[PDB]
Amino acid sequence: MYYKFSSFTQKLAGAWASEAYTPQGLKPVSXXXXXXXXXXXXXXXXXXXXXXXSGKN
Amino acid sequence: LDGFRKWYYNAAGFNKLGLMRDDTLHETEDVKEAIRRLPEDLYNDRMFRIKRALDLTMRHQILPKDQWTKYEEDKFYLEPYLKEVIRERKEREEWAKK
Amino acid sequence: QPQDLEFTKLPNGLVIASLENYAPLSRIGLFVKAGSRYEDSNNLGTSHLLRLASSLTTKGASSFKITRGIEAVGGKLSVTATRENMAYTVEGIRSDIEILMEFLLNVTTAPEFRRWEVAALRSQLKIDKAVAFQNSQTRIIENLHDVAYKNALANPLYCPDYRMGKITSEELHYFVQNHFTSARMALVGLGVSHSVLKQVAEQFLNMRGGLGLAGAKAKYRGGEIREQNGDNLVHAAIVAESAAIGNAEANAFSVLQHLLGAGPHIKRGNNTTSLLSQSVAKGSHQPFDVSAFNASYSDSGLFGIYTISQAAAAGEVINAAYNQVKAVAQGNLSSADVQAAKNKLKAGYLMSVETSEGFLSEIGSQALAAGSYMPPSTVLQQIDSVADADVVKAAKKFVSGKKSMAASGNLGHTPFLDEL
Amino acid sequence: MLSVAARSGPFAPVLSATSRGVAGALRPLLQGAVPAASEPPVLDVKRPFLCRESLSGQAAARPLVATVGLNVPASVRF
Amino acid sequence: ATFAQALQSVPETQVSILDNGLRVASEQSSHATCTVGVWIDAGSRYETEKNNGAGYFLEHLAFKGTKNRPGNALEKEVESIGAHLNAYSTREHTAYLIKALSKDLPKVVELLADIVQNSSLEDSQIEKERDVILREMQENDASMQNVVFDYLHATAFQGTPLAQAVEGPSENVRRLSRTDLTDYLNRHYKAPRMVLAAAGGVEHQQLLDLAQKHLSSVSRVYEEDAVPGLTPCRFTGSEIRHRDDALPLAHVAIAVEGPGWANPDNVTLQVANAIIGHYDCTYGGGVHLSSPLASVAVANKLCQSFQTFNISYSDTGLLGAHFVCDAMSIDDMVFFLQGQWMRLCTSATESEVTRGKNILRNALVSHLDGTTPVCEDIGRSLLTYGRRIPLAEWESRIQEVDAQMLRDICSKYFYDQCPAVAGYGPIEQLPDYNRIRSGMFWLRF
């Protein structure tokens, strides 16, 4: 409620309660992470149908 | 002509850099209008694939053979938007006719 | 058949009214119970965005086709929205009324609602809100509804700033599919044949389900808010709950509103008959405007006073107006003034029905509310049947009821609700 | 304990507004930045009302009605 | 049952003349209400710069008491019968009109005759209304469109009695007296220059009997053979700029000399104005509007709004466009407006001409929907044309207009013509007058 650590100054600086003693937020559900970039194994999903597309009529 | 179209698809060379046909078609005004009509995820995927294409062509390299896009899984994402924009342009043209 | 108004109800719930007056211009209006009343907190501004989305691409005609065809015919397409309901009105020549009805039903029944179209349209939504809020009575009435009701009438008629940039085409589709149903629609037409109206009704409007969503009953809360924005004048509306549409109490409230002064009848007049104006002008020498604000709905009403005054004289203006209404509630009124108020109300109703816009709006509102047409002779008959004791009872109800105050301006001398 | 800083524990920096005329030797945390907030649209100025005759009729007396059109300007009726 | 038989089935007007020459016109409708008004052929064109605000003072003083109904008795009576009352005055006309019920016809005609004949002008009321008029002029100064239209009239008809505004100057408003107002009443409110117009649920026989009862004694004769006389006004190609950079938007009006009331080119010019069209920010049409000026305005996001006007007086007119925009688009909108004007002058198209004809048809019938606009049209038509032009005649003229005579009339009235320009606000980017002229002729035609 008084002090919270600072990344750049590397010192215990002043802060409010809401970021000192509850640095975790009040979000209901932990959302998923991002996609795995530069992955060795790739599994592409089939979108709709290839025979349904590619039609120039 | 499934095999012949696959052979021409491989010989074109844009599957080697991980593009798509709708990725690599040239941007006219209708094409830019349909790109503006593309949704967020498809637009981001398109721009990343183009950026990787620029990077590979700069390095004079291509993707690995397993990472090449295949003829069976080449989605045509920009095509319905392009047809709708073409339809709108033709309708404006015939109203200018009348 | 100009002798009478043809009226019928389809089995699905639709209402078809048609008058063949052989007018040079024919008008077609679809009245939908899909206003801002039928939104919860998750999709605010959806009715506003739909109202500006009434000229978009549809399944059957593009937006370009709709606007080019309407302006090539020369007729006009308009949307008139109140909190209870919207009205899509198209006006044109008798010859092109078939194409006009095709465009109208295509844009009101099967809209495509593309996301790029609404993404381009939200800027127009912001601009339209700013233009509507250019005058302060709009903001005062919006705030007054917001503090008078808890749900379904505290919903603003204009889109909130946070909801701008957030309304989606899926939300628009959900709103249209849930509230644009056949039991909530009424198709009226002036200068069109009943057979043609029934044919287009069974062609287009038969595919809708039923009653749709119910509503939220619009529970009253009362209270007050005061927005200080430093205008030259101070606006203050003090209202209380009143009767709903279709009551002798509501008729008495309208008679009381025209007794206290619903507006001026003379350009640059002094409002001699207006009791509120006379009472305020008795103790002032500054510009002002006091009137009686009346607003009835499906299940609730709001009757009160509206005062525009100076920053310094706001307290005495509001106190004089409230004391005048209190005197009316106590019974300081004569039968001659009640008769004059009844004459004012009858004349105002007749001048409303006088034009084609007002006649079409009146028959559409009657078709939605009552489900049957009510003649102006019967309306004037019940207005005459309003008694002065009912006026006293309505004024007593306003005085004793809980109050809703919406104020704006320079609010240093404007009294609060407990100070009144 | 005759001060709001010692009276309200977590609500002291909410009840107290602090701004420095000159920068301190020690940087603070949570510096904050305005993320380029948008501008309201420019509009034509509306006439004021300097007399009772011009102010007459401006008081609302009916439910608020919005009206838009394809080629008709929007109207707000009180 | 189509448009032609509908327009023929619109009921005709009925015009009668009293013994003193006062015109009495009426149109009977099926409504239970009526609009009864008195139109006087008077205004700033008739005012001679000494009494430049006399008509404005008289329409302020008309409802503040008479000889038979002093003070607020007239207002009390008209509000007791519930009739709405209104008055206005343009540079050629003065209208006192009342919306009432059909059953109150003798009361409304007695009130109208007492207003236009036996008005009492007490000095205290004159001073109070002088202060009122000064404050209302300050309010109109705060309004911006009216300033630009007054500037356009002044710079277009400078040196003539049509340049002066309806309200007149502040010094004249302060210095007018009761004697000048009575002289204006006894000079301009003559019997044969007034039309008593009734519209709606009115019987013409009853209206004529009531006019014979009340408006019989008007005393049309002049006091010392002081007969006034209309003179033509000289249109001057000119420009006026009122630079005040603190204003948020800029209003610019560009006009040329019009044909006048009696000229038959008014229909063609109104059709051309329908081709040009109008636009506001609240328009739902967007880019795909039929008007190309509106379409390019939405596409390039130039203007806030624009409208086209055709104001007509006796053999005189101002015909052009008024647009309000920001300071960075005045040059663009002047260029586009002049391009559209000369596109109409050079290359008309049958399809757009038909679109504009349909627009003007619908505008005319939709405006004449309503007893109060019917009465307004009756009074204005009997004052200007001397007769009420029927909707069938208007439709016949519309059908007569096609693309060739549209091109001819546009080239006659727009092409190579000196305009009147009135700018107000941040008008630094407003082009020079030589540039406006150079845009008002093409080098490819």
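cryo-EM is the method the PDB entry lists for this structure, together with a resolution of 3.6 Å.

Caption draft 1: Fine view of the overall build of chain C. Broken down by element type, chain C carries 14 helices and eleven strands. For chain C, whose C-alpha radius of gyration is 23 Å, the value lies close to the compact-globule estimate of 22 Å for 420 residues. Seen through its C-alpha atoms, chain C measures out along the principal axes to roughly 65 × 50 × 40 Å. Per-residue burial over chain C gives 62% buried out of 420 residues. Total accessible area computed for chain C in this model is approximately 14900 Å², and 50% of it derives from carbon and sulfur atoms. Where the 39 positive side-chain charges of chain C centre and where its 37 negative ones centre are 3 Å apart.

Caption draft 2: Main features of the arrangement of the chains. Between chain A and chain C there is no contact, and the shortest C-alpha to C-alpha distance separating them is 18 Å. Structurally, chain B and chain D remain out of contact, their C-alpha atoms never closer than 19 Å.

Caption draft 3: Geometry of the sheet that holds strand 9 (residues 289–296) of chain C. All names here are of chain C. As summarised here, the arrangement of the five strands in space is 7-11-8-10-9, forming an open sheet in which the pairing is mixed. At either margin of the open sheet sits one strand with a lone partner, and together these are strand 7 (223–228) and strand 9. Across the sheet, the mean angle separating the axes of adjacent strands is 15° when strand polarity is ignored. With six bridges joining them, strand 8 (residues 234–242) and strand 11 (residues 403–409) adopt antiparallel strand pairing. Bridging across to strand 11, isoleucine 238 finds its partner in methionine 405.

Caption draft 4: Region of the structure containing the interface of chain E and chain C. Listed by partner, the interface residues are 47 residues for chain E and 42 residues for chain C. In total, chain E and chain C occlude about 3900 Å² of area from one another, counting both sides; carbon and sulfur atoms represent 56% of this. Looking at the side of chain E facing chain C, the largest losses of area belong to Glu79(E), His288(E) and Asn362(E), adding up to 16% of the total buried there. Linking chain E with chain C are two salt bridges, by the criterion used here. One salt bridge in this structure joins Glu136(E) and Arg268(C), with 3.5 Å as the shortest N-O distance. Taken together, the links from chain E to chain C amount to 21 residue pairs in polar contact.

Caption draft 5: Broad picture of the sheet that holds strand 9 (residues 303–313) of chain E. All names here are of chain E. Read across the open sheet, the five strands follow the order 7-11-8-10-9; overall the sheet is mixed. The two strands at the open ends of the sheet, each matched to only one other strand, are strand 7 (238–243) and strand 9. If you compare each strand with its neighbour and ignore which way they point, the axes differ by 10° on average. Here six bridges tie strand 7 to strand 11 (residues 420–425), and the two strands are oriented parallel to one another. Across the sheet, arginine 241 pairs through a bridge with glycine 423, a residue of strand 11.

Caption draft 6: Geometry of a positive patch on the surface. Taken together, the side chains of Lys150(C), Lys219(C), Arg221(C) and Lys402(C) define a basic patch exposed on the protein surface. Mapped onto the fold, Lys219(C) is located in the loop between helix 7 (194–204) and strand 7.

Caption draft 7: Highlighting the interface of chain D and chain C. Taken together, the contact pairs 34 residues of chain D with 47 residues of chain C. Roughly 3400 Å² is buried in total at the junction of chain D and chain C, and carbon and sulfur atoms are behind 61% of that figure. Considering only the side of chain D, the residues that lose the most area to chain C are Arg52(D), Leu64(D) and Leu70(D), jointly responsible for 22% of the buried surface there. Applying the counting rule to chain D against chain C returns 17 residue pairs in polar contact. Elements supplying a minimum of two residues to the side of chain D that touches chain C: helix 3 (52–55), strand 1 (65–69) and strand 2 (75–77) of chain D. If one sorts the elements of the side of chain D that touches chain C by residue count, strand 1 of chain D sits on top with five residues.

Caption draft 8: Local environment of a nonpolar patch on the surface. All names here are of chain A. On the surface, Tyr2, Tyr3, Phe5, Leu12 and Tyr21 cluster together into a nonpolar patch covering about 690 Å² of accessible area. Mapped onto the secondary structure, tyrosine 21 falls in the segment after helix 1 (17–20). Taking the relative accessible area as the measure of exposure, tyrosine 21 reaches 63% and is therefore exposed.

Caption draft 9: Spotlight on a negative patch on the surface. Residues and elements named next belong to chain E. Residues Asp183, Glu223, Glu224 and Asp225 make up a contiguous surface patch of negative charge. You can see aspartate 225 is positioned in the loop between helix 9 (204–214) and strand 7. A residue is classified by how much of its surface remains accessible, and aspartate 225, at 68% relative accessible area, is exposed.

Rules used in this analysis
- Residues numbered from 1 in each chain as written, not as in the entry; some residues may be left out.
- Chains lettered and ligands numbered in written order.
- Part of a larger assembly, values for the part shown.
- Heavy atoms only, no water.
- Residues with missing side-chain atoms left out of burial classes, pairs and counts.
- Helix = DSSP H or I, 4+ residues; strand = E, 2+ residues; numbered from the N terminus.
- Rg over C-alpha atoms; globule rule 2.2 N^0.38 Å.
- Buried < 20%, exposed > 50% of the residue type's maximum accessible area, 1.4 Å probe, protein only.
- Areas by Shrake-Rupley, 256 points an atom, 1.4 Å probe, with all protein chains shown as cover.
- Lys, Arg positive; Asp, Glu negative; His and termini not counted.
- Charge placed at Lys NZ, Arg CZ, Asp CG, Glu CD.
- Contact = heavy atoms within 4.5 Å.
- Pairing = 2+ DSSP bridges.
- Axes fitted to C-alpha atoms, helices over the stretch in contact; angles between N-to-C directions.
- Buried area = accessible area lost by both parts, 1.4 Å probe.
- Salt bridge = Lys/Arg side-chain N within 4 Å of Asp/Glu carboxyl O.
- Polar contact = N/O pair within 3.5 Å; in protein donor to acceptor, adjacent residues only side chain to side chain.
- Patch = residues over 30% accessible without salt bridge, like charges linked within 9 Å, V, L, I, M, F, W, Y side chains within 5 Å.

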